[PDB]
Amino acid sequence: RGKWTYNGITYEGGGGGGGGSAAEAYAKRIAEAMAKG
């Protein structure tokens, strides 16, 4: 997706992106799920 702001400050790094978006298909959602707190 790309950098995502949180509290003003921006991010840069998360999301290498080299080959296929394989790991970026399941491991991309996992986070979401785990994103409950």
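Its PDB title, taken directly from the record, is "Design of bivalent miniprotein consisting of two independent elements, a b-hairpin peptide and a-helix peptide, tethered by eight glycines".

(A) Representation of the environment of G13 within the structure. Its location among the elements puts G13 in the segment before α1 (23-34). Of the residues examined, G13 reaches a relative accessible area of 56% and is grouped as exposed. Along the chain, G13 and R1 lie 12 residues apart, while their C-alpha atoms are 12 Å from each other.

(B) The packing of aromatic side chains, seen in detail. If you walk through the whole model with that rule in mind, you get 2 aromatic pairs. Ring centres of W4 and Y6 lie 6.0 Å apart, and the angle between their planes is 90 degrees; this geometry places the pair in the edge-to-face category. The exposure class of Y6 is exposed, given its relative accessible area of 64%. Between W4 and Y11, the ring centres sit 4.7 Å apart and the planes meet at 70 degrees, which makes this aromatic pair edge-to-face. Looking at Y11, the relative accessible area reads 33%, which means it is partly exposed.

Definitions and limits used
- Residues numbered from 1 in each chain as written, not as in the entry; some residues may be left out.
- Heavy atoms only, no water.
- Helix = DSSP H or I, 4+ residues; strand = E, 2+ residues; numbered from the N terminus.
- Buried < 20%, exposed > 50% of the residue type's maximum accessible area, 1.4 Å probe, protein only.
- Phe/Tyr/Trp six-rings, centres within 6.5 Å; stacked < 30°, edge-to-face > 60°.

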